[PDB]
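Scroll down for the structure; my scribbles are underneath it.
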Amino acid sequence: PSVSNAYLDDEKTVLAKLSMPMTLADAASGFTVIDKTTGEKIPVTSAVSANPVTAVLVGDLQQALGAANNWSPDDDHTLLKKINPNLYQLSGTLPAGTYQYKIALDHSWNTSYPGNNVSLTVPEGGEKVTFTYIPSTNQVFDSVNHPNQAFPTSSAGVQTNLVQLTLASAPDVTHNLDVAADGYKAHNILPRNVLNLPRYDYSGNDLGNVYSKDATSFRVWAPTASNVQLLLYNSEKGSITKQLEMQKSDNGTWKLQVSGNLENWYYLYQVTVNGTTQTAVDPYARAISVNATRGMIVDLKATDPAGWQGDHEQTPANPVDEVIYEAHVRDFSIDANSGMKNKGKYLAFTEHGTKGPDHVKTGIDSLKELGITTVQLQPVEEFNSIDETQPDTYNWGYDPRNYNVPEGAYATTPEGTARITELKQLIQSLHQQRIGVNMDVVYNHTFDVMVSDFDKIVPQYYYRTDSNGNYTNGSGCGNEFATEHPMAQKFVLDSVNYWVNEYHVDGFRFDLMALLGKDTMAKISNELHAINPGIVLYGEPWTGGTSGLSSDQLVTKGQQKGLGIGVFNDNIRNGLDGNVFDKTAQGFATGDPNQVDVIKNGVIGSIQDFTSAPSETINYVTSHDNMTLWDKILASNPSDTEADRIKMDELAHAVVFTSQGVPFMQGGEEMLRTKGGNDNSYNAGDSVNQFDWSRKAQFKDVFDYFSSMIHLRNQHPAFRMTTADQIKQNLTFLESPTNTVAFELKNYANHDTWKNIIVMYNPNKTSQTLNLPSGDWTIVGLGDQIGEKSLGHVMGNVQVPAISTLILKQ
């Protein structure tokens, strides 16, 4: 029989879990707290149940109290409010008459009180009535039937296995604190939400190491530590060179200035918390030993490549001006046929004039040819899954370990600062070609807990835990980062600022962004847009498991409104090729006849679905997750010809490229990249994941079609309206045949040089006709030909070939 967990969640509040329930008594209810460091006893002044109570007044009085319907237990319009932990009340004014009521719990009729319906007569003229529910006894009162009934201010009687304790004094968060109750084995009290308080909130910009020729200063946040020492090493693998005591400083930080030139030195923090001492790599380290056994102190200036002072950012006026191309650094160039020398490395992106099979352009020259504006790199923040001494193992990188360090496996060497210079050279190279770089970042969880630097410095606090003391599984990977904790939020904010400032990155794709929370994303957006309003920010509006964060804060679709961030649009994705759960499901592009309305909603940049502005939707059909489109269409359309499947693939992407919003594509779709049907290729290796550049030679017509669509969008801002009002003003759907979508962009929309543009998607296996508005129309997109030039003129009516997109202009 034990207290199984205990948290200090406020200066004088402990949340304790018991291995079996108890009935609470007066005051302390048998609970004791001792500071085992000083021997001092701290009196428990109050003990209440921490379990929430959802008690709703139900009956035929519910409408009269503002509810939509009577007898409705799930209508929180008449939810009772907490007066004290053992007193819940609701007041409201009722018109004269006879009523009936109960109190229903937990939004159902499973449990309601009392035994029977209660009769209530409201006298002439009406009356304000108070309704009361007492958790300890399940008693239900109203102020008419029981005018001055007495209400308790004790939780005695309440049965619970989860208790909230109030303490007489605030314990020292660095001390060994214990809680016990009569008949229950004692447990340590771990500081948790107490650390949220302003006294433990450090707002300086100097966490980590700050290097100069004359001295390096170190600062780490460790508010519960009894001691922190700095361990300095003058070699990557050799024994400790110098061990130094750090000094307790502001708001739970420890600091130290070390005189001398520490360039290329290595270090660790040695942190003593309560009953144990461990070493940790600085979460703010900018470089590491091989495999991050140690942090490395470096001169960042010396890492800049030549010409870096001339580098210019690639951030357009609005996110709808980007065409985003997702690529993994290894996949891009690892194939023997890639024509790039630095195979699987950052530096492959610096190579001009590279050629593949049958003289196709590869590498950056291929990106240039294709017309995409922005490369989204799969994770390049240091992750755990690749041993840097074996840098050719394969991983996507969704297991981050050192957030402020470039992944070593993609550098020519993991030694020292080559990884910094080479990633900067990648970014520099792309910028020289007017291509931006968005980083896929994984702030929502770490590779593991307990052995993580976070848990070795401030036990559990960087992660979400439940009332049992277990790590919650928001990411699906065993843990989730607690952005509702101010210093954890600060860690993320400092990190994204560092990547923009030091590496000149142009934006971020937030893995499982819903988990980061609205308040956090608003702050990220505000801070980064203050640096550069053109920075583009977006991410996945879903989780990977049940999250500890309240649903009101999760950034699901609709929650991004007005924040200056976008969400991946799984509605248009499912509409294009079928629900993600069913491999054989068809969608609009591939034969399903029931998706027209979904597609129309995507065409208008989702402004009637979940966005306030078209910049808030990232439109797409595939990504690194699940199947490539070529593989997906083989699964859903196995009986269709190669030629028709090519048309379907092109059509799905044509919708993405011609819809209002932010178009995104999985890199390699323009050459029908195949994973051999793999639907989760995170560690599957190069035969599965690589860019096989022979497929660009094989499917050059497909590549050219994609390029022609992308260049058309780049040239025509009517496709890239920036507000909902512009879209409502300028975009009209035209009457068209069953299972087709046709629209017109009017009025030289958004400063287009074409007065009217018509687009029609025809997914059907026969040609379809469209009635045209008045005047002469110039065909610019017909069948396999898309461009700026006249393909012929028509009036009145026009035929759209099977499985294709028609584009006309006037």
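Residues are referred to by chain and number: the chain letter is A, B, ... according to the order shown in the structure tokens, the number counts from 1 in that chain, and ligands are numbered separately from 1 in the order shown.
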
Per residue of range 284-369 of chain A within 8 Å of range 695-711 of chain A, what are the shortest atom pair and its distance in Å to one decimal, counting only C-alpha atoms, with rows by chain and residue number, as a tab-separated table?
residue	atom	partner	partner_atom	distance
A:323	CA	A:710	CA	7.6
A:357	CA	A:697	CA	6.3
A:358	CA	A:697	CA	6.2
A:360	CA	A:697	CA	6.1
A:369	CA	A:707	CA	7.1

Using only C-alpha atoms, please write the residues we just selected to a file, as a PDB file, in the first residue's frame.
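Contents of the output file selection.pdb:
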ATOM      1  CA  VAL A 323       5.911  25.843 -54.348  1.00  0.00           C
ATOM      2  CA  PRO A 357      21.062   8.826 -67.348  1.00  0.00           C
ATOM      3  CA  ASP A 358      20.491  10.016 -70.945  1.00  0.00           C
ATOM      4  CA  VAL A 360      19.082  14.548 -67.814  1.00  0.00           C
ATOM      5  CA  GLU A 369      14.424  23.330 -64.403  1.00  0.00           C
TER       6      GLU A 369
END

Discussion item. As number ranges by chain, please: every residue in range 80-177 of chain A that DSSP puts in strand (DSSP E or B).
Written reply: A: 81-84, 87-94, 97-105, 112-122, 127-134, 139-142, 159-167, 177

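The space separating CA of residue 732 in chain A from CA of residue 746 in chain A comes to 8.0 Å.
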
Item to complete: Name the residues of range 532-593 of chain A that come out as helix (DSSP H, G or I) in a backbone DSSP run; write them as a PyMOL selection string.
Response: chain A and resi 570-577

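With only C-alpha atoms as the basis for measurement, A:299 is the residue among A:10, A:299, A:388, A:592 that approaches residue 420 in chain A most closely.
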
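Each of A:474, A:517, A:183, A:223 was checked against residue 544 in chain A using only C-alpha atoms; the smallest atom-to-atom distance is that of A:474.
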
Fill in: Long-range neighbours of residue 297 in chain A as an NGL selection string, 9 Å cut-off, only C-alpha atoms, 2 positions minimum in chain
:A and (209-211 or 216 or 262-267 or 285-288 or 295 or 299)

Discussion item. Env of residue 693 in chain A: 12 Å cut, atoms = only C-alpha atoms, seq-sep filter 3 positions within chain, self excluded. Answer as a VMD selection string.
Written reply: chain A and resid 331 to 340 354 to 363 366 667 to 674 689 to 690 696 to 700 703

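Computed from the coordinates, the CA of residue 490 in chain A to CA of residue 450 in chain A distance equals 20.9 Å.
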
Worksheet item: What's the 8 Å shell around residue 60 in chain A, counting only C-alpha atoms, without same-chain residues fewer than 3 positions away, as a PyMOL selection string?
Response: chain A and resi 63+70-71+99-101

Worksheet item: Can you tell me, as number ranges by chain, what residues are no more than 10 Å from residue 185 in chain A when counting only C-alpha atoms, ignoring any on the same chain fewer than 4 positions away?
Response: A: 1-4, 18-19, 179-181

Worksheet item: Leaving out residue 596 in chain A and any residue of its chain fewer than 6 positions from it, which residues lie within 10 Å of it when counting only C-alpha atoms, given as a ChimeraX atom specification?
Response: /A:575-576,587-588,602,738-741

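Checking A:723, A:774, A:212, A:29 one by one against residue 157 in chain A, counting only C-alpha atoms, you find the shortest gap at A:29.
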
Worksheet item: How far is it from CA of residue 485 in chain A to CA of residue 254 in chain A, in Å with one decimal?
Response: 19.2 Å

Which residues of range 473-559 of chain A have any atom within 12 Å of an atom in range 613-635 of chain A when counting only C-alpha atoms, and what is the closest pair of atoms for each, with the distance in Å to one decimal? Order the rows by chain and rising number and write it as CSV.
residue,atom,partner,partner_atom,distance
A:509,CA,A:618,CA,10.5
A:511,CA,A:625,CA,11.5
A:534,CA,A:615,CA,11.6
A:535,CA,A:615,CA,11.9
A:536,CA,A:615,CA,9.2
A:537,CA,A:616,CA,9.3
A:538,CA,A:618,CA,7.7
A:539,CA,A:618,CA,8.5
A:540,CA,A:618,CA,9.5
A:541,CA,A:617,CA,10.5
A:556,CA,A:616,CA,12.0
A:557,CA,A:617,CA,9.1
A:558,CA,A:616,CA,9.1
A:559,CA,A:616,CA,10.1

Could you write out that same residue set with N, CA, C and O atoms as a PDB file, in the first residue's frame?
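And here's part.pdb as it stands now:
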ATOM      1  N   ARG A 509       8.735  23.490 -41.241  1.00  0.00           N
ATOM      2  CA  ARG A 509       7.648  22.506 -41.251  1.00  0.00           C
ATOM      3  C   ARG A 509       7.678  21.790 -39.898  1.00  0.00           C
ATOM      4  O   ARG A 509       8.600  21.041 -39.603  1.00  0.00           O
ATOM      5  N   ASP A 511       6.718  19.076 -37.501  1.00  0.00           N
ATOM      6  CA  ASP A 511       6.231  17.701 -37.312  1.00  0.00           C
ATOM      7  C   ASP A 511       5.206  17.689 -36.168  1.00  0.00           C
ATOM      8  O   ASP A 511       5.422  18.325 -35.140  1.00  0.00           O
ATOM      9  N   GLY A 534       8.318  37.579 -44.114  1.00  0.00           N
ATOM     10  CA  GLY A 534       8.179  36.582 -45.178  1.00  0.00           C
ATOM     11  C   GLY A 534       8.476  35.143 -44.764  1.00  0.00           C
ATOM     12  O   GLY A 534       8.270  34.226 -45.564  1.00  0.00           O
ATOM     13  N   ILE A 535       8.949  34.927 -43.531  1.00  0.00           N
ATOM     14  CA  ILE A 535       9.226  33.554 -43.080  1.00  0.00           C
ATOM     15  C   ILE A 535       7.927  32.725 -43.126  1.00  0.00           C
ATOM     16  O   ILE A 535       6.867  33.192 -42.705  1.00  0.00           O
ATOM     17  N   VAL A 536       8.014  31.507 -43.660  1.00  0.00           N
ATOM     18  CA  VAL A 536       6.828  30.648 -43.850  1.00  0.00           C
ATOM     19  C   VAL A 536       6.852  29.514 -42.840  1.00  0.00           C
ATOM     20  O   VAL A 536       7.867  28.823 -42.699  1.00  0.00           O
ATOM     21  N   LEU A 537       5.736  29.350 -42.130  1.00  0.00           N
ATOM     22  CA  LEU A 537       5.634  28.420 -41.017  1.00  0.00           C
ATOM     23  C   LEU A 537       4.388  27.571 -41.174  1.00  0.00           C
ATOM     24  O   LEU A 537       3.304  28.112 -41.410  1.00  0.00           O
ATOM     25  N   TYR A 538       4.531  26.257 -41.038  1.00  0.00           N
ATOM     26  CA  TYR A 538       3.365  25.360 -41.210  1.00  0.00           C
ATOM     27  C   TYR A 538       3.674  24.000 -40.599  1.00  0.00           C
ATOM     28  O   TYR A 538       4.818  23.732 -40.193  1.00  0.00           O
ATOM     29  N   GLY A 539       2.661  23.141 -40.508  1.00  0.00           N
ATOM     30  CA  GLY A 539       2.900  21.805 -39.967  1.00  0.00           C
ATOM     31  C   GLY A 539       1.682  20.913 -39.948  1.00  0.00           C
ATOM     32  O   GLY A 539       0.623  21.303 -40.438  1.00  0.00           O
ATOM     33  N   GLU A 540       1.838  19.720 -39.376  1.00  0.00           N
ATOM     34  CA  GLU A 540       0.757  18.720 -39.367  1.00  0.00           C
ATOM     35  C   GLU A 540      -0.266  19.011 -38.269  1.00  0.00           C
ATOM     36  O   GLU A 540       0.098  19.085 -37.081  1.00  0.00           O
ATOM     37  N   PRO A 541      -1.543  19.181 -38.651  1.00  0.00           N
ATOM     38  CA  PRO A 541      -2.578  19.506 -37.651  1.00  0.00           C
ATOM     39  C   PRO A 541      -3.144  18.241 -36.986  1.00  0.00           C
ATOM     40  O   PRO A 541      -4.366  18.078 -36.857  1.00  0.00           O
ATOM     41  N   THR A 556      -5.222  21.713 -34.259  1.00  0.00           N
ATOM     42  CA  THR A 556      -5.940  20.956 -35.296  1.00  0.00           C
ATOM     43  C   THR A 556      -6.470  21.944 -36.349  1.00  0.00           C
ATOM     44  O   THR A 556      -6.340  23.148 -36.178  1.00  0.00           O
ATOM     45  N   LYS A 557      -7.021  21.443 -37.457  1.00  0.00           N
ATOM     46  CA  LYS A 557      -7.462  22.337 -38.528  1.00  0.00           C
ATOM     47  C   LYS A 557      -8.528  23.316 -38.035  1.00  0.00           C
ATOM     48  O   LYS A 557      -9.505  22.914 -37.382  1.00  0.00           O
ATOM     49  N   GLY A 558      -8.330  24.591 -38.340  1.00  0.00           N
ATOM     50  CA  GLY A 558      -9.213  25.670 -37.857  1.00  0.00           C
ATOM     51  C   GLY A 558      -8.526  26.449 -36.742  1.00  0.00           C
ATOM     52  O   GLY A 558      -8.724  27.652 -36.595  1.00  0.00           O
ATOM     53  N   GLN A 559      -7.680  25.764 -35.973  1.00  0.00           N
ATOM     54  CA  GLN A 559      -7.008  26.402 -34.841  1.00  0.00           C
ATOM     55  C   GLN A 559      -5.858  27.334 -35.249  1.00  0.00           C
ATOM     56  O   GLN A 559      -5.390  28.145 -34.445  1.00  0.00           O
TER      57      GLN A 559
END
